[PDB]
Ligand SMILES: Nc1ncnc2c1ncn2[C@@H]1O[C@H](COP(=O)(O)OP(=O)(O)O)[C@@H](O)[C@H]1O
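Only one chain is shown below, in structure tokens, and it's the form deposited without the ligand.
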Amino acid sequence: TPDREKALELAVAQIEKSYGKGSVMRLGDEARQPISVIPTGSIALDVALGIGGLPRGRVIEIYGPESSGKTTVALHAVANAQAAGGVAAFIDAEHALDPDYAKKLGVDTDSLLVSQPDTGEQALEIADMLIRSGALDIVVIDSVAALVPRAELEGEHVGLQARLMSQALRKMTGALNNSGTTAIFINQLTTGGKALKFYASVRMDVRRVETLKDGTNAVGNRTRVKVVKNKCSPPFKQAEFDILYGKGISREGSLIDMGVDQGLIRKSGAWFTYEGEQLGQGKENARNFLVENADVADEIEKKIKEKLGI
């Protein structure tokens, strides 16, 4: 144990030196907190990521089924990146974006740079030139599956989309580190993600767990995200949070959830309480209270971060 722990520490250190910080971790380790991150819209997810948000200057993959919530997560990352004075770009090969929905999340759609490229290589090259400018804080690529090669589009073997991603990511990854720009690749449950799987510092699996009921009508979806890969903090953590149709991720809902999880928000049956005062009876009222009283929601948020060091 005594003489062994040194050789283990030494081995860990050599690995960390040889291959980079985060090359090996104990899963119970505390996360090493960076200066700045891009918050995701849910404190539960921010906590699951360990560093309180998405890492700067790294490749991120968000994948999941159709309408799983992965784009919503990406849009919140854009909103927050902009809300802190950043510039955003959206590389769009799907043509599915809903700007009004993005607006209600917090995206500044007017100053959002958008490109609807002709080919997969044009898409990645545009992303690259944008990244090497040093002016972007975040770029979203929607989506991996849509990055079809020129040759295929021009009617011309089958397999070079993988080769395209690989080539592009090798060049792009260096540009991202230097610029400090975060690149989010949205991906479905596909082709091209094999290289992305290794280049990405963070990989998030996004799924819908159950329908949220508004009496007997569908208000939204409880959403589950597993951080399957994480080079910035111990991986395999997961979070749940609500996405409300038309509104997005319920920030107030995650503050409550993580509130009670951390003992900062106590219970009296249906009654949610905070520092001796009542927030509301049931989650809806407690949530509705926090959007009405932004001051206390921010206090609840600040207390959760202090508690966990996020």
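Numbering starts at 1 and runs along the sequence shown.
What comes next is about the form deposited with the ligand bound, which does not appear here.
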Task: Of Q161, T72, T119, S201, the one that lies within 4.5 Å of the ligand in the bound PDB entry (heavy atoms) - done: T72
Task: Residue (of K171, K229, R132, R208) lying close to the ligand in the bound PDB entry, criterion heavy atoms within 4.5 Å - done: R208
Task: Contact test in the bound PDB entry: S36 vs the ligand, heavy atoms, 4.5 Å - done: no
TODO: Would you please decide whether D98 lies within 4.5 angstroms of the ligand in the bound PDB entry, comparing each non-hydrogen atom pair?
DONE: yes
TODO: Answer with yes or no whether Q188 is in contact with the ligand in the bound PDB entry, where contact means some heavy atom within 4.5 Å.
DONE: yes
Task: Heavy atom of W271 within 4.5 Å of the ligand in the bound PDB entry - done: no
Open item on the list: Counting any heavy atom within 4.5 Å as contact, can you tell me which stretch out of 245-253, 279-287, 53-61, 37-45 lines the ligand in the bound PDB entry?
Closed with: 245-253
Task: Residues of 57-71 having any heavy atom within 4.5 Å of the ligand in the bound PDB entry, listed in sequence order - done: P65, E66, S67, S68, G69, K70, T71
